[PDB]
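Given as structure tokens, the chain that follows is alone and in the form deposited in one PDB entry.
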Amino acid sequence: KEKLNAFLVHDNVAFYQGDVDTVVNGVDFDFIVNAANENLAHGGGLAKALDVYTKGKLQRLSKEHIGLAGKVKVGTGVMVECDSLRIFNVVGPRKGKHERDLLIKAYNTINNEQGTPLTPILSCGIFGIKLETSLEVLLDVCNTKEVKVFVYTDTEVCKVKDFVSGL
């Protein structure tokens, strides 16, 4: 019944390519993860595209609760319901000394949030973390329930395939 076919499945993890409108409409999932920030201020990248999608109910239901007490740590997420679209706003780390520990935390919050996640690969946008490093942590942490992962570009799709080949 799923409209968009995964370009790759590895163990419990299925990989899709599309923009936000494409994956929200084509993929079966309980909630989508927004790769976000402390004040929840949507740039900028996937966060923008999601807020355009919403719109911008995401930013409004945002702050709101940021807002209500009162800002979000690296990460740690804030679920919002935008119509029939549940958005789990997760703060991934910036590149840095503690990026692997904070990446572990972020994916662990995703994995422990009830339902099938649709997540991007955290922090490999302007945060500067290598896609393959964030994907390594994603697979290590998200190792039981089914999880769906999306990327946008043909470059990203190749990096995912090559990394998964090496496994």
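Numbers follow the displayed sequence, beginning with 1.
The following text describes the form deposited with a small molecule bound, which does not appear among the structures shown.
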Tell me, please, which stretch of 60-68, 135-143, 104-112, 45-53 lies within 4.5 angstroms of the small molecule in the deposited bound form when heavy atoms are compared?
45-53
With the cut-off set at 4.5 Å between non-hydrogen atoms, does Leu118 touch the small molecule in the deposited bound form?
no
Answer yes if any heavy atom of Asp19 is within 4.5 Å of a heavy atom of the small molecule in the deposited bound form; otherwise answer no.
yes
The small molecule contact at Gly26 in the deposited bound form, heavy atom, 4.5 Å
no
Is there any non-hydrogen atom of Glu156 lying within 4.5 Å of the small molecule in the deposited bound form?
yes
